[PDB]
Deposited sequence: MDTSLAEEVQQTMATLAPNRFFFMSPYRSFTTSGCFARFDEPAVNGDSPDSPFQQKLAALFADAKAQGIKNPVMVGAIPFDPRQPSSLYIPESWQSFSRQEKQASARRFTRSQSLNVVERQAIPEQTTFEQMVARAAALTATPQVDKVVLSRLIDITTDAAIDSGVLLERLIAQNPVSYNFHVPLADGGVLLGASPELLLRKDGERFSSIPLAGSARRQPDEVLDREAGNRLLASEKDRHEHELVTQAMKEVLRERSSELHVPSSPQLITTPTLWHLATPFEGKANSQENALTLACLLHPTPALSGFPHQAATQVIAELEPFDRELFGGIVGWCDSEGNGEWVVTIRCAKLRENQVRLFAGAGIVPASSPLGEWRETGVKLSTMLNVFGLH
């Protein structure tokens, strides 16, 4: 299985692992949409240094937190190794039986439901339209957790998603099956596929198609979604030479959920790379809200924890400007015998406190399934 000190990224674009560590890069990504930012300037310096020291085709990999004024968890590895996503899907079980010493919802149901009610109340006012609220599950086991076994189970349960495994500076691992592309850049073209709006999958094909059709006709979820795509369209319109965005979202699936999705396909100029555009977008109203600053204030006032890397982005950038960044969701941080799971939900005036408790619950089940819980 995969050692915990290696980066792993599985995607229809590039799928690869890494080995070694040439240089860690913890510069905050704030203002990274600007080529003149210290983030971009130091990124460029570090790539030039890697090549000067004989690293061919250097890549920058890792995770950027929800709040990009915080330090990043990025690094250049010594080497990288492509693999076939299709072959991995075909190949991908247990090694240990784990006991649960403690399991704690943070916050608990009544508290989260009151948070949702407060956020919904705020979204009824002119000052904010949408706020994404989140919660955690902390689990302590009695034995160190085999992150490599977990990764293989994660892939087998989520063969199609953007599956990642990120070594962290504190010895932990960030692992997840993200369904949400934030920014892919491949030559001059770029894409983004925001997700917002959720309905539970059903085991029967008839009920399942009905859930999807219900989601597409749901005013609440379509509103929750259009607040994301309108904000993104406005920003991207001024930094793209062409941009195609469909008028309506389409249905996509994970193993647990239907989501509404809108693809963005654009062309960018020579000033841009995968991280300038990813930092321009991140976080969208899928993960913070709209307007962004007002939403993050409400998040800070209501969540009894710091998100850190949760709700950030994870992926990679090379020295030519190509890269891929996905939203850090359906994910967990683990270290030794401790695990933290994360899930959020976009709150609007039509949100129900119980409904959003349940929505975040279904989201948490992706990683609960990986652990066998």
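Peer 1: Which parts of the deposited sequence lack C-alpha coordinates in this model? Number from residue 1, please.
Peer 2: Residues lacking C-alpha coordinates: 1 to 14, 107 to 109, 391.
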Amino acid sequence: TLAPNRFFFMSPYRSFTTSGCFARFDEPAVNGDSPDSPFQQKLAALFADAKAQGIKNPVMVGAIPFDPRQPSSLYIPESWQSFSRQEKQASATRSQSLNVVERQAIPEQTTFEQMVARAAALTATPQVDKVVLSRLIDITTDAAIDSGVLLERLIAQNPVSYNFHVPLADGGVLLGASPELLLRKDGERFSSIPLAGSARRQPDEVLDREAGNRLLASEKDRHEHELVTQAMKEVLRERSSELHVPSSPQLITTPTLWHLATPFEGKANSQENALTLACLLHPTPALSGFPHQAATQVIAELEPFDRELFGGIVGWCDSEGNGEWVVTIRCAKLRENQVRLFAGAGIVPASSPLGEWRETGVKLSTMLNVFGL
From here on, numbers count along this sequence of modelled residues.
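Peer 1: Averaged over C-alpha atoms, is the B-factor higher for 140 to 148 or for 76 to 84 in this PDB entry?
Peer 2: Comparing averages over the C-alpha atoms only gives 140 to 148.
Peer 1: 176 to 184 versus 225 to 233: which one carries the higher mean Cα B factor per the record?
Peer 2: Stretch with the greater average CA B-factor: 225 to 233.
Peer 1: Going by the entry, which of 106, 206, 245, 168 has the most elevated CA B factor?
Peer 2: Checking the PDB record, the top C-alpha B-factor among 106, 206, 245, 168 is at 206.
Peer 1: Among 200, 135, 239, 118, which carries the highest Cα B-factor?
Peer 2: Answer, based on the entry's C-alpha B-factors: 239.
Peer 1: Mind checking which third residue 305 falls in for C-alpha B-factor across the chain?
Peer 2: It falls in the top third of the chain.
Peer 1: Comparing residue 191 with the other modelled residues of its chain, is its CA B-factor in the lowest, middle or highest third?
Peer 2: It belongs to the lowest third of the chain when residues are ordered by C-alpha B-factor.
Peer 1: For residue 21, does the deposited CA B-factor place it in the lowest, middle or highest third of the chain?
Peer 2: Middle third by C-alpha B-factor.
Peer 1: By its CA B factor, does residue 268 count among the lowest, middle or highest third of the modelled residues in the chain?
Peer 2: As the PDB entry reports it, the C-alpha B-factor of residue 268 lands in the highest third of its chain.
Peer 1: For the chain shown, is the CA B-factor of residue 130 in the lowest, middle or highest third of its modelled residues?
Peer 2: Middle third.
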